[PDB]
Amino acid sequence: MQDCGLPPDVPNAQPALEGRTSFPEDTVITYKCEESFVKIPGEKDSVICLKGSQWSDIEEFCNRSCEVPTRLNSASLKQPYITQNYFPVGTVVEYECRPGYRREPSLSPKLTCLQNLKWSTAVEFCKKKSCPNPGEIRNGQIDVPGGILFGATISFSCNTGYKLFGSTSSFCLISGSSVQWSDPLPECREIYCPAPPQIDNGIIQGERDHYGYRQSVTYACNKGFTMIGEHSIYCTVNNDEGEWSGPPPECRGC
């Protein structure tokens, strides 16, 4: 009769019958691979109802493959693997470094689909690029807690008596073709105490324009006046603010 019966049973595949058990001549039935199965590229996935109520032949066209290789931050799959989804056991794909990573020549940038349907063990075939030597801050310091490779953070400080002007930290971030420091080296600026206080009936010996950390100012009483107190005071520096060590002496008469 001008109709075929049920199409052939294909291992690991299911046909789309659309609710019927009888099919007219020239009917084309397509099979879909079952769960955990991927169709083999370049193979038929359908049958056709021919004359004599006979279906055309069809061979197993499904496998048995690894999942799409897991997403790496250091490397991306090369072409053509990057567009593929069929990875039977034994399949080896190749990677290439992303930015800002570079190849570790001693290591293979390849992964193999194993018998258990899993990709081989991942090694660091693509490593983190390094940022330039951070250098130095005059009268300050640079803290490098964990190297200077891509993704690293460094911090800046100014020594006692100096004030930081600029950025307090920097990060090694990807910059176009390479990796560079997010921020430039800041500046450590000398902290000045307020102008030293004058005293009644006394003077400052050779008063300077500016007083920095630990610098001192010496007092002297005018003729006929007696000194009572510290002959000199010095500049203390805390939390980036200058402040004299204590009050200036007194010059009492007479």
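A residue's number is simply how far along the shown sequence it sits, counting from 1. Basically, rigid core = biggest C-alpha set you can superpose within 1.5 Å across the two forms.
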Quick check: by Cα RMS after rigid core superposition, does 17 to 25 or 229 to 237 differ more from this form in 6 other deposited structures of this protein? 17 to 25
Between 62 to 70 and 204 to 212, the one drifting more in C-alpha RMS in 6 other deposited structures of this protein once the core is aligned is 204 to 212
Once you work out the mean C-alpha B-factor for both 118 to 126 and 167 to 175 from the entry, which is higher? 118 to 126
Which of the two stretches, 151 to 159 or 109 to 117, shows the higher mean Cα temperature factor in the record? 109 to 117
Which is it among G202, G229, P196, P41: the one with the largest CA B-factor in the entry? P41
Between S46, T27, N63, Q215, which carries the biggest CA temperature factor in the record? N63
What third of its chain's C-alpha B-factors does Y219 belong to: lowest, middle or highest? lowest
For the chain shown, is the CA B-factor of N239 in the lowest, middle or highest third of its modelled residues? highest
Sort the modelled residues of this chain by their C-alpha B factor and say whether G5 lands in the lowest, middle or highest third. middle
Lowest, middle or highest third: which one holds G90 when the chain's residues are ordered by CA B-factor from the entry? lowest
